[PDB]
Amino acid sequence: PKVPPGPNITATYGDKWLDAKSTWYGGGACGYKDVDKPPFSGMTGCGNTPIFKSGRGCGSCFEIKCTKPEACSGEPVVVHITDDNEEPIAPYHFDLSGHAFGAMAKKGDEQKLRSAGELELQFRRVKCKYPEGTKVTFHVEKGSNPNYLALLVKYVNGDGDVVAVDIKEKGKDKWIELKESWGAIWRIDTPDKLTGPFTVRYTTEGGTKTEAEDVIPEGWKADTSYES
């Protein structure tokens, strides 16, 4: 096979560090619920427009390091973007949670640092790392009836943002294309009842179409999460 081929020449997120202002806080736009519990575990933060990207960036994970105040470890920590930072104060502005903010400090200085209020950090997008056992969850948003479906596609550790979500009822052969809306909520209204079990197929930025067969059961209920 000759000599090992170097990395595939494909479009990708950088690998260089970007600069952003950072502050913290102690029902987000992305619709995530128990953020203190796994897989996020408090490692979350509000991200402004170029990070949130109207919702497309809800699963987003970023490495964030800090060298500014003395308490900063200079070591990187991964944060999951769970909301929208409507009031940015710099080109890039991360509004991290208290836990996340402090997580950039030297062992035991998490509070000393959290007292800094604002600081300058460096960040770069990275593939999320969820604890094993974590499965891509599809949440049927409330307001869904048998003629309207609106769902979230959580924990897709994929490469990029999911850019399309389709469903197929166990029995038919045509794909129903969902429309993207703010908060990464895919929606579809139809004349035909949305009864039978649906297979959800979501494709990521790359082009990688992955399917979750019959994940949404017949007789599903609004505001309920079903996993694969």
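Don't overthink the numbering: it's just position in the shown sequence, from 1.
**Student:** Taking residue 26 and residue 27 as adjacent modelled residues, how many residues of the deposited sequence between them have no coordinates (none, 1 to 3, 4 to 9, 10 or more)?
**Tutor:** 10 or more residues lack coordinates between residue 26 and residue 27.
**Student:** Can you tell me whether 178-186 has a higher mean C-alpha B factor than 29-37 in this record, or the other way round?
**Tutor:** Stretch with the higher mean C-alpha B-factor: 29-37.
**Student:** Going by the mean C-alpha B-factor recorded in the entry, which is higher: 9-17 or 204-212?
**Tutor:** Stretch with the higher mean C-alpha B-factor: 204-212.
**Student:** Of the choices 54, 48, 195, 44, which one's C-alpha carries the largest B-factor in the record?
**Tutor:** Checking the PDB record, the top C-alpha B-factor among 54, 48, 195, 44 is at 195.
**Student:** Can you tell me which of 105, 89, 126, 149 has the highest Cα temperature factor in the record?
**Tutor:** Comparing C-alpha B-factors across 105, 89, 126, 149, the top value belongs to 105.
**Student:** By the recorded C-alpha temperature factor, relative to the other modelled residues in its chain, which third is residue 109 in?
**Tutor:** For residue 109, whose C-alpha B-factor we compare with every modelled residue in the chain, the answer is the highest third.
**Student:** Of the three thirds of its chain by CA temperature factor, lowest, middle or highest, which one includes residue 67?
**Tutor:** Its C-alpha B-factor, which the entry lists for residue 67, ranks in the highest third among residues of this chain.
**Student:** Quick check for you: using the entry's CA B-factors within this chain, is residue 136 in the lowest, middle or highest third?
**Tutor:** Residue 136: CA B-factor falls in the middle third of its chain.
**Student:** Just say lowest, middle or highest third for the CA B-factor of residue 75 relative to the other modelled residues in its chain.
**Tutor:** For residue 75, whose C-alpha B-factor we compare with every modelled residue in the chain, the answer is the highest third.
**Student:** Can you tell me which third, lowest, middle or highest, the CA B-factor of residue 157 falls into for its chain?
**Tutor:** Its C-alpha B-factor, which the entry lists for residue 157, ranks in the highest third among residues of this chain.
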